[PDB]
Every structure is written in structure tokens, then in C-alpha cells.
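Enquirer: Here it is: the structure, laid out below.
Protein chains: 4
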Amino acid sequence: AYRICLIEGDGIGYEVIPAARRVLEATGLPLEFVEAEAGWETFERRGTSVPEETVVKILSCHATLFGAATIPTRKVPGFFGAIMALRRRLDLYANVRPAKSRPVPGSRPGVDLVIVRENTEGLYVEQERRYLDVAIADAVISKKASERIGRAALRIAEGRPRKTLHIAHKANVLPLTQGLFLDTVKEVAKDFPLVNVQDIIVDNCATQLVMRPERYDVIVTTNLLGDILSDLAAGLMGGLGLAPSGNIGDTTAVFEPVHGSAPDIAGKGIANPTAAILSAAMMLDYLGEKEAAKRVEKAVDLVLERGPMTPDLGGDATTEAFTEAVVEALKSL
Amino acid sequence: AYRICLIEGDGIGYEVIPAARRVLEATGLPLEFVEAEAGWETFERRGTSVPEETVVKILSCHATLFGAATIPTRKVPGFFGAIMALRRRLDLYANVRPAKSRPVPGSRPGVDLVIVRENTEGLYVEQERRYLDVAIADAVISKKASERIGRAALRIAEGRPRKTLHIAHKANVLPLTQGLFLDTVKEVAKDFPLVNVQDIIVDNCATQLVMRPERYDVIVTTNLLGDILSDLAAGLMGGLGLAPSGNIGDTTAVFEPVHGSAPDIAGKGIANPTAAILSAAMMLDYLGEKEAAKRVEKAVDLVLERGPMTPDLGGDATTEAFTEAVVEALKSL
Amino acid sequence: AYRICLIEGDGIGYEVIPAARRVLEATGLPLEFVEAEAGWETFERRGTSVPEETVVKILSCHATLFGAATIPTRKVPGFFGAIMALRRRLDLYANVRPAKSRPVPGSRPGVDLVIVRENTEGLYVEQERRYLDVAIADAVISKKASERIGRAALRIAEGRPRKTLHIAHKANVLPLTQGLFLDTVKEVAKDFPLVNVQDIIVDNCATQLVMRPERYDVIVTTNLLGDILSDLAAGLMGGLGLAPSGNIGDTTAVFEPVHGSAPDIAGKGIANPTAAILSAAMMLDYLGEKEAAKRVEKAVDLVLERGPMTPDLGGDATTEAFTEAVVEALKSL
Amino acid sequence: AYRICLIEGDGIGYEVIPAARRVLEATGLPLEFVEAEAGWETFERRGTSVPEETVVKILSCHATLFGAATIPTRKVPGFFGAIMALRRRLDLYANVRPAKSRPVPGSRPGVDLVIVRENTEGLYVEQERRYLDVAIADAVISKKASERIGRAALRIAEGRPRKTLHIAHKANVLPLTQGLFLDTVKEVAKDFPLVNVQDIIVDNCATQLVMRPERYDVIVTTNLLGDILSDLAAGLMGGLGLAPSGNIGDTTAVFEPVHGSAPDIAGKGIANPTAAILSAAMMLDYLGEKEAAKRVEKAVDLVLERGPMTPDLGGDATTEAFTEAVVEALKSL
């Protein structure tokens with residue numbers, strides 16, 4: 002049986018995670034749900050944003066599904082950032098962001114791409130300094146870090162029909178850092194002769210993501226950079242509110258919607274569970290239930306096509322109604 | 002009379018700059034053109050890409066109109082660090098990149114924006130290090146640099162109908178560097194009470210530029226971020242073929258098309274002069290000749306709408322036929 | 002009347018500070034002593050090493066005389082970053098470390114110098130990073146920091162008979178950082194035409210301090226360099242037992258012996274108060290009581306020459322007998 | 002036969018190297034001298050400070066003896082620093098500086114120590130940056146670099162009678178950089194159970210080098226730091242003018258006096274060859290001719306004791322007379 006850790010986090014996670022739980026149950030798969038907690042509200046009760054319990058539960062599971070956490074933007078409290086200590090322990094280095102066409106308003110057709118960028122947390126914190134009226138932030142590339150992220154993007158590419166990887170870099174103006182990243186990924190690419198590997202100045206890649214996004218399969222890039230490309234990509238998909246994501250290490254993985262905790266519409270029951278269910282689909286794929294993951298995705302596509310609509314999609318139906326619609330559409334497939 | 006330094010550069014420069022010159026002359030304005038040489042083809046003839054005569058000429062003129070330089074395929078022979086010394090000495094710290102809808106195919110309607118970010122060379126080279134298998138590139142923000150680039154963007158914004166500036170930043174994750182940039186631009190923004198100033202996370206800015214580019218007018222951001230935002234914006238325009246640009250300092254400015262020297266078509270008389278002409282228009286605006294500048298833009302738009310159409314626009318017309326049509330259209334605008 | 006904040010600190014502090022107090026009182030000067038607590042033993046009692054009452058008291062006084070703090074054997078429990086916040090808030094940027102021949106054994110004759118270097122905390126924490134197996138510590142020089150430390154050293158030098166300052170630097174191998182320090186101190190040196198200012202490579206300075214320490218008066222240098230130069234100089238004096246020190250900012254100063262709390266001998270009445278008394282003398286000088294300060298130094302020298310001799314000086318006399326002899330000697334000087 | 006490369010360099014090297022050549026010849030050992038050139042004057046003739054010839058010659062030799070190079074202090078010419086390209090090729094990471102008692106004025110007796118610090122050139126250049134009014138210089142420690150330098154100091158220690166190594170560090174205030182150095186050397190020390198290994202805060206080590214230098218055998222430290230300790234040590238020995246040094250890699254070694262080219266007294270024939278002959282002695286030791294190296298050292302000691310004296314030692318005899326005195330004293334032993 003597959004052990005799945007569920008952590009709702011904050012705000013709209015209390016709605017989207019149970020929603021995803023039900024869709025997962027509707028696949029019929031041998032699933033065991035282990036519940037844990039984390040986030041802002043967790044910190045208010047435990048003195049820590051990630052209790053030891055949560056960390057143990059994650060490690061005893063094949064995969065983890067996470068909602069969203071409330072990020073304090075008004076301030077920074079007395080080390081609520083105990084999540085950074087967890088990020089090191091887990092070392093989920095591969096950030097994975099699919100951008101795929103959906104049947105929604107303002108969505109480009111024929112798009113099916115995946116952007117991969119590293120999380121450095123498991124290796125190092127890139128540090129900022131400020132000395133008087135001058136501030137410097139380090140952008141750090143290591144060979145080790147570039148080897149494993151490259152290899153992870155290549156695995157992603159290899160298990161996709163088109164077997165294409167673009168390395169999006171800035172080695173034209175950053176020959177030491179971006180050049181080290183370019184070169185290293187190209188070295189590991191030799192270990193994947195079945196994958197067609199191309200390199201591209203990230204500036205050209207941004208333009209082509211707007212003009213012809215259907216040309217890309219998998220894109221590998223460095224951090225600050227993947228995000229910007231992913232954000233542009235999400236622009237073609239009708240926003241960040243439908244976007245799934247995963248963070249993947251060598252032993253385990255956390256999957257989570259890209260949206261925030263959205264305390265504005267929290268506890269109202271209208272938040273769109275799409276991005277969470279799609280994250281759970283990503284999770285099934287990662288686990289090996291590829292056909293089962295495909296079935297969940299169609300079940301979601303059918304409901305974006307055959308109703309109902311939540312307030313973000315231009316309607317006023319509820320979170321709960323959307324879920325059971327997806328659940329029953331999955332029974333069909 | 003205005004002194005204008007004309008530098009053709011390489012490749013199609015010899016075709017598009019004279020075209021721009023002719024459009025400028027068609028306005029009737031008192032313009033003294035001072036010819037100078039620079040670029041790859043100049044290096045081959047002289048042993049330097051920017052001869053001393055050319056530096057003296059640039060400094061003796063109100064503005065400089067430049068074509069394009071051919072970048073050598075491999076190693077910097079060579080080389081040209083004469084271009085790098087020029088950059089330092091001139092301190093043209095304000096990179097200005099308009100993105101405006103044109104009546105051509107693949108150009109998204111309703112876009113009218115300017116992206117502003119700094120060229121650092123006049124202040125400092127942002128340094129890279131490699132220590133064994135760890136490479137680090139410095140990203141530098143200073144108060145002095147942020148002050149002037151903010152002020153320059155605000156002056157651009159103020160001279161425009163919408164009176165709107167957005168500051169695109171990463172202060173949410175880089176609070177020391179990006180926060181210094183953010184805080185400083187907002188301080189100088191107090192000197193511009195007529196300008197509506199909003200701030201936005203660069204990531205959200207990118208999504209919005211794809212979905213709703215019409216809400217933006219002037220965007221000020223840091224370097225590397227701006228470039229990707231210009232690339233996206235160029236994606237909306239259907240590419241870089243028509244884009245004008247400027248680099249402005251405290252005493253002069255160099256205007257040039259974004260496009261390269263396109264050497265494989267040089268001499269063929271099919272290069273599209275739009276971007277050089279629109280850069281001459283930016284120049285006119287800069288010199289305080291706003292009405293003539295708008296007249297020039299109008300002449301270009303009319304010809305883009307109703308032919309002649311050069312090969313890049315899907316037709317078979319020549320550079321010359323296009324230039325003569327712009328010249329003729331101008332007189333009636 | 003002068004307000005003097007008295008902080009005993011840990012260990013022998015409770016013995017050497019009262020001794021200094023008695024010597025000060027023996028001058029007859031109008032001195033108001035305000036007792037405050039700080040250090041390890043204070044942390045055990047209060048949960049903080051520097052209580053708020055103590056900060057208020059330090060700020061309400063012209064100067065502060067401090068004993069010594071016990072440093073915890075291992076981990077910073079704990080901890081005391083209340084000392085680190087104090088450092089930041091007070092900005093006592095001028096570390097002052099006199100090294101003068103005493104009539105004791107192992108003290109090299111003919112030495113009379115002061116080493117000055119900056120405490121950075123009031124301006125910035127100089128940061129360390131580790132990225133995998135590569136560690137980097139920043140060594141920071143700024144013009145603002147170099148200006149004030151140079152000016153402070155020059156004021157020390159000016160108030161002394163020889164009117165001599167040497168700037169000890171590494172500009173031969175670190176021309177950007179050390180060169181900025183060198184160039185800046187020399188600029189401010191133009192404000193002090195009465196002071197003879199020479200520059201010297203720190204390496205040559207060290208050799209000379211060993212061979213010919215008598216040619217130096219005031220030495221200004223950067224942090225980490227100064228410390229090693231003080232260590233060498235302490236070697237000439239036969240150790241740290243007799244050394245006074247000061248940390249001076251723009252509005253106040255803290256004076257203290259270089260030595261530690263020596264907790265294993267606390268309460269035994271054999272601690273030598275020389276360094277606390279000589280720090281009180283530095284304080285008197287600082288407050289504008291130069292003649293009384295010299296009287297105090299003279300009283301100390303006489304007693305060092307003709308007994309009583311505490312165990313550190315090779316005798317069996319008590320703290321008390323030594324203190325009473327200094328008090329008595331003072332009246333006749 | 003032992004192949005010895007001789008490079009006189011600049012100035013007083015033309016006098017001290019031939020002097021050392023003769024002493025080496027006077028040992029009777031199977032020696033082959035291969036002559037090469039390098040330095041300031043070499044650069045004036047070849048356009049390069051280290052010709053390819055020189056590099057080839059060094060590599061074909063067991064060891065190299067070098068005079069001194071003239072360092073331009075008035076300026077920096079068009080990359081005279083081609084010596085830095087050689088420093089990388091050779092990777093002579095272990096800087097070795099003996100400080101041993103000699104029969105000369107102002108020389109402490111009973112001193113026989115060796116200070117070891119790394120040259121980083123073969124691995125990386127520690128970079129400086131200056132951004133506006135702020136300058137930062139990197140102090141870089143790597144594990145790899147600390148392993149090999151530690152191991153080299155340990156080998157030095159193991160082949161000396163007392164088998165003692167002190168690690169002089171600043172890990173009390175630099176826990177990431179200096180702590181990494183401390184820890185790593187201590188790990189490799191486990192591979193040398195016959196060596197007694199002690200650690201010491203470099204500040205304490207400086208004081209004890211003045212007070213009791215005879216307590217140290219081998220000291221290992223980081224750069225900037227060894228030099229300062231070595232300079233203090235040389236202060237006990239009557240200056241830097243008698244000091245030998247070597248730079249040692251895994252395949253070869255360069256030995257050289259610590260003094261400069263001294264163009265002041267160049268071509269006059271009075272410069273003291275001691276430091277060069279002692280460097281050649283170091284070289285014989287490194288090569289395996291330990292007894293032969295011992296004989297050269299006594300031969301030198303006998304002449305510092307039984308005349309004659311050069312202008313630096315308080316006399317007016319010549320370089321040439323000093324040499325033949327040493328040569329004949331070696332015939333005795």
C-alpha cells in the first residue's frame with residue numbers, strides 16, 4: 002500500500018487537501034493517509050512551524066501532499082522559519098512545475114511542458130549582505146548541484162513522449178556561474194543518449210514561451226530563473242491558480258499547489274481545488290501509478306470543460322461541488 | 002541646431018541608419034549629422050572597435066544613433082574591450098526598452114509600455130568568482146544606483162499620458178538587495194506626486210504581462226529581471242525585429258535597434274528600417290522634439306498598416322521602397 | 002562632576018574594580034559612581050548578560066569602567082547576544098590598546114605605544130559563508146569606517162608628545178580593501194598637520210615591533226591585524242596581566258583591563274589591580290583629566306617598582322596591600 | 002644526479018644565486034645546474050616575466066633555486082603578472098619558513114621552528130571587490146586545501162626530532178572558515194599518530210613567539226597569518242635578510258630567500274648571500290641529502306661566528322669573500 006502524508010497547512014489548504022484526498026480515494030488505489038500539520042497556525046500552537054511529529058510522518062511515507070502556508074508579509078516573527086531546517090533535512094532539490102493546456106478562458110492550446118529548477122536549501126543558503134549603502138546577494142552554482150538537477154530533469158525528459166530537454170542559461174553574460182551549470186548538465190546528458198538536448202539563452206526562451214510555447218517539452222534552469230519562466234508559462238494557462246507543483250529528492254517528495262494560503266477567501270468554501278488535485282495526480286505519477294494519474298487528470302479536464310465553475314473561473318459554485326463532480330467523472334474513466 | 006552622431010555599425014547598419022537619417026531629414030528639423038564608425042568591421046580595419054575619433058564625436062553631439070555590432074562567433078579575438086571602456090566612460094546607466102503594439106502580424110494589440118533597468122558598468126563590474134567546484138556571481142544593489150534609475154524611470158513615466166510606474170522587484174525573497182532597490186525608488190517617487198507608483202513582485206508582473214499587458218505603462222526593475230521582462234514583452238510583439246532602444250546617461254544618449262547586424266542579408270536591400278526609425282523617434286523625443294517624434298511614429302505605423310511590406314513582414318518590398326513610403330507619409334502627418 | 006558607570010563583571014572584577022574606584026577617589030576629583038551589573042554571573046541571576054537598567058546607566062554617564070566577563074566553556078548556552086546588541090547600539094568603534102614598559106620582570110624597557118583599530122559591529126556584521134566544502138569570510142573596508150578610525154587614531158596621536166602615527170596596512174597585496182583604508186587615513190591626516198604620519202606594510206611593522214619597538218607611538222591598522230600587533234606588543238610586556246584598554250565612540254567610552262575574569266582565583270585577594278587602575282587612568286585622560294591621569298600612572302609605576310608584589314609579579318602581597326600603596330603613593334605625586 | 006634549476010631573477014639575485022651555486026658545488030654532490038630566467042628584467046626582453054623555456058626547465062628538474070624579483074610598486078604594467086599563470090601550473094601549495102637561531106646581533110638563542118602556510122594560487126585566486134565606497138576581500142578556506150597543507154606540515158613535523166605541530170587559527174571569531182581549517186587538519190593528524198598535535202588561537206601564538214619562541218617546532222596556519230607570524234619570528238633572528246624559504250608542491254619545489262631584489266645595492270657586491278645559501282640547504286634537505294644539508298648549515302653558522310661581516314651585519318666585507326669563506330668552512334666538515 003502507498004503511504005501518503007497529508008499536510009493542509011493554512012487557509013485554503015483546509016479545503017483543497019481534503020478535496021484532493023477524496024479524488025485520490027476515488028481512484029480505488031491501495032492508499033494509506035497519514036495526517037500531519039505545518040504552517041503559520043501550527044507555529045502559533047507548538048512554537049514551531051514544523052513539529053518533530055510532522056518530520057517523522059513525512060519520512061515514513063512514500064510521498065507527501067501539502068496545501069499552502071501563510072507567509073508573514075507584514076513582519077518576520079521569532080524564527081517562524083523553522084521550515085528552512087526541514088528543507089535541509091529533506092533536501093528535495095528538484096522543483097518541478099508542469100505547464101499544460103486546460104479547457105479554461107485565456108488558455109493557449111497545445112502546451113505540455115515541464116520546468117525544472119533546483120532548491121538549494123538541502124545544500125546551502127545563498128546569502129545576502131548589506132554593507133552601508135551597498136547590498137550584495139550571492140547567486141551560487143556548484144558542480145554537484147548542477148549534476149543532480151540536470152540528471153533529474155533528464156529523467157523527467159526520458160519518461161515523456163518527446164524526449165526533449167532545453168537547458169536555459171545565461172552563460173553569455175555569466176561565463177563562470179551559468180557556464181558551469183551549462184557544461185555540467187551537458188556532461189550528464191551523455192548518460193541519456195535517448196534524450197534530445199538543446200541549449201538556449203534564457204532570454205530567447207522567454208520570448209519563445211510567449212510566441213510558441215508548444216516547442217518545449219522539459220526545460221532545465223537555475224533558480225530565480227525557473228520561477229520567472231514558470232510565471233510567464235502560467236500566464237498562458239490562465240494564471241497561477243491552476244498550477245500544480247512538486248519538490249523532489251532522492252528518497253521522497255512533496256507535492257503542492259503553487260497558490261498561497263489565500264486567507265481572504267478561507268473558510269468560505271469556494272477556493273478551486275484543481276491545483277491540489279493536479280498536484281496529487283503528479284504524486285501518483287511519481288509513485289508509479291502513471292495510468293491512474295492520467296485518469297485523474299482527464300477527470301479534472303472533463304470538469305473544467307463540463308462544469309461547474311468556481312469564482313476564480315467565472316462562476317459561483319462551491320469547492321465541495323467541484324470535488325464530487327471530479328470524483329464522479331473519475332468513476333467514468 | 003542639434004548635433005546627431007551617426008554610427009552605422011555592422012551588417013544591415015549601413016542600410017537602416019541611412020534610412021533613419023532620411024526620415025529625420027524629412028521632418029525639416031535643424032539637424033547636424035556627424036558620421037562616426039564602430040563595431041566588428043571597424044575593428045578589422047583599425048585594430049579597435051571604438052576609435053578615439055568616434056568617442057570624441059559621440060561626446061560632441063547631443064545624441065547618437067547607432068545601428069548594430071556583429072558579435073564574433075567564438076573567442077573575443079582579439080579583442081573589443083574598447084566597447085567596455087566606452088560603456089564605463091559614458092555611464093549611460095538607463096536602459097530604455099519600449100514595447101508598443103504595431104499593426105503587423107503576430108503583434109498583440111493594446112500594449113504600450115516601457116521597461117527601464119540600469120546598466121551598471123559606469124559604476125562597477127559585478128564580479129564572478131569560482132572556488133574549486135563552487136561558483137558565485139555577485140548581484141549588487143546600491144542606494145546611489147537605485148536612486149538614479151528610479152529617477153530616470155519616473156521622468157519617463159511623467160512625460161507620458163497614463164502617469165503610471167510599477168516597480169518590479171524580488172523583496173519577498175531578497176529583502177536586503179531588492180528591498181534596498183524597492184525602498185529607494187519609493188523615496189524618489191516622493192518627488193513625483195503626479196506619477197502613480199505601484200510596486201509588484203516581478204514574478205506576478207510576468208504573469209500579468211502575458212495575461213493583461215495593457216495595465217502597465219512604465220516598469221522599473223533591476224538588471225537581469227528587466228531583460229527577461231523585455232523578452233516576454235518582445236514575445237507579445239512577435240519578436241525583436243521592430244523594437245527600438247535607448248541607453249541614456251546624464252549628459253547624452255545612444256539610441257539603437259534591439260536587433261543585430263544580420264550580416265547574411267547585408268547589402269540585399271531587404272532589411273526592415275522600422276526599429277532604427279523608431280529609435281530615431283525615441284531620440285527626437287529625448288532631444289525635446291516630442292511632436293516631431295510622434296509624427297515619425299505615426300508615419301511608421303501607417304506604412305506598417307498599408308505597405309510596402311519587407312520580407313520580415315511577409316512581403317517582397319525593399320528597404321528603399323519602405324523608407325520612401327515613410328518619408329512621404331511623414332509630410333502629411 | 003563626572004558620572005562614572007562602574008561595572009564589576011565576573012570573577013576578579015569584584016576585587017579589581019573597587020580597587021580602581023579607590024584610586025580614582027584618592028585623586029579628589031568630583032566623581033559620581035553609578036553601579037551597574039553585567040556578564041556571566043549576571044546572566045545566571047537575570048536571564049540576560051546586559052540588563053536594560055545597565056544600558057540606561059551606561060548612557061547616562063560620561064564613561065564606564067568595566068572589569069571582565071567569564072566566557073562559557075562550550076556552547077553559548079543560552080545565550081548572550083545581549084552583549085552583541087549593546088555593541089551595535091553603542092557603536093564604540095575605536096579599540097584602544099596601550100602598550101607601555103612597566104618596571105616589572107619580563108617587561109622590555111623603552112616601549113610606549115598605542116594600537117588603534119575599529120570595532121565593526123556598530124556598522125555591520127562581517128559575514129561568513131560556507132558553500133559545500135568552500136568557506137568564505139568577508140573582510141570589509143569602507144571609506145566611512147576608515148575615516149573615523151583614522152580620525153580617532155590621529156586625535157590619540159595629537160594628544161601625545163611624539164606626535165607620530167604609523168598606518169599599518171596590506172595595500173601591497175590587497176590594493177582594493179587595504180588601499181581604500183590607507184588612502185582614506187592619509188586624507189584625514191591632512192587635517193592633522195602637527196602629526197607626523199608614516200605608512201608601513203603591516204608585515205614589516207611586526208618585525209620592527211620586535212626589533213625596534215621604541216620608534217613607534219600610535220599605530221592605526223585594520224581589525225585582525227591590530228589584534229596580532231597588540232599580541233606581539235603584549236609579548237614584549239611579558240603578557241596581558243597589566244594591559245589596560247578602551248573602546249571609544251562619539252559620545253561615550255568603556256574602559257576595561259585586557260585580562261579575563263580569572264574565576265579560579267576570585268575571592269582570594271591576590272588579583273593584581275594594575276590593569277583596572279591603568280584603565281581608570283585612560284578614562285581620566287579621556288574625560289579631560291590628563292594631569293590626574295598621569296598622576297595615577299605614576300603611582301602605579303612607583304608601586305610596581307618598590308612593592309608590594311602580588312603573586313603574578315613574583316611576590317606574596319595581597320590585592321588590598323597593593324591598592325593601599327597606590328592610594329598612598331598618589332597623594333605625593 | 003640531482004638536476005637543479007637556477008633562476009637569479011632581479012637585482013641582488015645575480016649575486017646571491019651564483020654564491021649559492023658555488024657552496025652547492027663545494028658539497029661534492031652529483032649536481033647538474035640548468036639555468037633559466039624570470040622576473041622584471043626578463044619581462045622587459047621577452048614580453049613575459051616567465052618564458053615557456055623557464056617553465057619547461059623547472060619541470061625537468063628535481064628542484065629550483067630562485068633569487069628575487071623586482072616588484073613594481075610605482076605602478077602595475079601591462080600584465081607583468083604572468084608569474085600568476087606559473088603559480089597555477091606549479092601548484093606549490095606549501096609555503097615553508099624556518100626561523101632558527103643564528104650567531105648574529107639581536108638573535109634569540111634556542112630557537113628552531115618552522116611555519117607552514119598555503120599558497121592558494123594553484124587552486125584559486127582569492128578575489129577583492131570594490132563597490133562604490135565599500136570594498137570586500139575574500140578569505141577562502143576549502144577542505145581540500147586544508148587537507149593537503151595540514152598533511153604537508155605533518156610530514157615536516159614527523160621528520161623533525163620533537164615531532165610537534167601547533168595549529169594556529171582564529172576559529173573563535175571565524176567559526177565557519179577558520180573552524181573548517183582547524184577541524185580538517187585535526188582529521189588528517191589522526192594519520193600521523195607519532196606527531197604531538199596542539200591547537201592555539203593565533204593571538205596566543207603571537208604572544209608566545211615573542212616571550213618563548215623555543216616552545217614551537219612546526220606551526221601550521223592559514224594565509225595573511227603565517228606571514229605575520231613569520232615576520233614576528235624573523236624579528237627574533239635579526240630581520241628578514243637572513244631568512245630562507247621554500248614553496249613546495251607534490252612534484253617539485255622552489256627555494257628562495259625571503260628578501261627582495263634590493264635594486265639599491267645591486268651590482269655593488271655586498272649583499273649577504275646567507276639567505277640564499279640557507280635556501281639551497283633547505284633544498285638539499287628536501288631532496289634527501291639531509292646530512293649534506295646539515296653540513297652546509299654549519300658551514301654558514303661558522304662564518305656568521307668566525308667572520309667576515311657584510312654591511313647588513315655591521316661590517317664592510319664583500320659578497321664574494323663571504324662565499325669563499327663559507328666554501329672553505331664546508332671543506333672542513
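Chains as they are written, first to last, in the deposited numbering: chain C, 2 to 334; chain A, 2 to 334; chain A', 2 to 334; chain C', 2 to 334. A prime marks a further copy of an entry chain.
Cβ coordinates follow ideal geometry from the N, Cα and C atoms, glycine included.
(1) Which first and last residues belong to the alpha helix (DSSP H) in which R131/C is found?
(2) Using a Cβ-Cβ cut-off of 8 Å (strictly less than) and excluding sequence neighbours within five positions of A2/C', which residues of its own chain qualify?
(3) Classify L166/A as helix, strand or coil using the three-state DSSP reduction.
(4) Given a threshold of 16 other Cβ atoms within 10 Å of its Cβ, counted over all protein chains shown, does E36/A' qualify as buried or as exposed?
(5) Given that a residue counts as buried once 16 or more other Cβ atoms are within 10 Å of its Cβ, and exposed if not, what is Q179/C?
(6) Excluding the five sequence neighbours on either side, which residues of its own chain have a C-beta within less than 6 Å of the C-beta of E9/C', listed in chain order?
(7) Are the C-beta of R89/C and some C-beta of chain A' separated by less than 7 Å?
(8) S143/C touches chain A' at which residues, Cβ-Cβ below 9 Å?
(9) Determine the burial state of residue 1/A': buried for a count of at least 16 other Cβ atoms within 10 Å of its Cβ, exposed for fewer.
(10) By the DSSP assignment, the alpha helix (DSSP H) with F323/A in it spans what residues?
(11) Exposed or buried, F80/C', counting other C-beta atoms within 10 Å across all chains shown (16 or more means buried)?
(12) If we ignore side chains and look at the alpha-carbon of each, how far apart do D200/C' and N173/C' end up?
(13) Going by the beta-carbon positions, is the gap between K299/A and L334/A smaller than 7 Å?
(14) Under 7 Å between C-beta atoms, does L177/C make it to chain A?
(15) Given this structure, state the Cα-to-Cα distance separating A100/C from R109/C, to the nearest angstrom.
(16) Within the stretch 149-196 of chain A, note down every full beta strand (DSSP E) run reaching 3 residues or more, in order along the chain.
(17) Any beta-carbon of chain C' closer than 7 Å to the one on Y125/A?
(18) Which residues does DSSP pair with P274/C in a beta bridge?
(19) Using only CA atoms, which one of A169/C, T185/C, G239/C, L303/C lies nearest to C206/C?
(20) Select from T55/C', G250/C', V203/C' the residue whose C-alpha is nearest the C-alpha of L233/A'.
(21) Tell me which residue opens and which closes the beta strand (DSSP E) that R47/C is part of.
(22) Who are the neighbours of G261/A' on chain C', taking C-beta pairs under 7 Å?
(23) Can you tell me whether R22/C is helix, strand or coil according to DSSP?
(24) Let me know the secondary structure DSSP gives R90/A' once reduced to three states.
(25) Going residue by residue through the stretch 194-243 of chain C, where are the continuous beta strand (DSSP E) segments of at least 3 residues, counting only ones entirely within it?
(26) When you compare the CB positions of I229/C and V97/C, do they come within less than 7 Å of one another, or not?
(27) Give the C-beta separation of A95/A' and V126/A' to the nearest angstrom, bearing in mind that I take them to be a contact with Cβ-Cβ under 8 Å.
(28) Using 8 Å for Cβ pairs, my map puts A276/A next to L285/A. What's the rounded Cβ distance?
(29) For my contact list, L237/A and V112/C are in at a C-beta cut-off of 8 Å; report their separation, rounded to the angstrom.
(30) Beta-carbon within less than 6 Å of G247/A''s beta-carbon, same chain only, minus the 5 sequence neighbours each way: which residues are those?
(31) Count the CB pairs spanning the stretch 325-333 of chain A' and the stretch 297-315 of chain C' that are closer than 8 Å, and state whether there are at least three.
(32) Could you list which residues in chain C have their beta carbon closer than 7 Å to that of residue 1/A', in chain order?
(33) Measure the CB-CB distance between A136/A and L177/C and report whether it falls below 7 Å.
(34) If we count Cβ pairs, one from each stretch, closer than 8 Å, do we get three or more for the stretch 74-93 of chain A versus the stretch 38-53 of chain A?
(35) Can you look up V297/C in the DSSP assignment and give me helix, strand or coil?
Expert: Result, derived from the coordinates:
(1) Here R131/C belongs to no alpha helix (DSSP H); instead the beta strand (DSSP E) covers 129-132.
(2) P31, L32, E33
(3) strand
(4) exposed
(5) buried
(6) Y15, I18, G68
(7) no
(8) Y132, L133, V135
(9) This structure does not reach residue 1/A', given that chain A' is present from 2 up to 334, and the question cannot be answered.
(10) 320-332
(11) exposed
(12) 12 Å
(13) yes
(14) yes
(15) 11 Å
(16) 165-170
(17) yes
(18) Paired residues: none, contrary to the question.
(19) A169/C
(20) Nearest in C-alpha terms to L233/A', of all of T55/C', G250/C', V203/C', is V203/C'.
(21) Where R47/C is concerned, there is no enclosing beta strand (DSSP E), although the alpha helix (DSSP H) it sits in stretches over 41-47.
(22) Residues of chain C' passing the Cβ test: none, with the nearest at roughly 12 Å.
(23) helix
(24) helix
(25) 197-202, 219-222
(26) no
(27) Contact flag wrong, Cβ pair sits at about 18 Å.
(28) Not really, about 15 Å apart at Cβ, beyond 8 Å.
(29) Not really, about 16 Å apart at Cβ, beyond 8 Å.
(30) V97, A254, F256, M283
(31) no
(32) For residue 1/A' there is no data in the structure shown, the boundaries of chain A' being 2 and 334.
(33) Between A136/A and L177/C, the gap from beta carbon to beta carbon is short of 7 Å.
(34) yes
(35) helix
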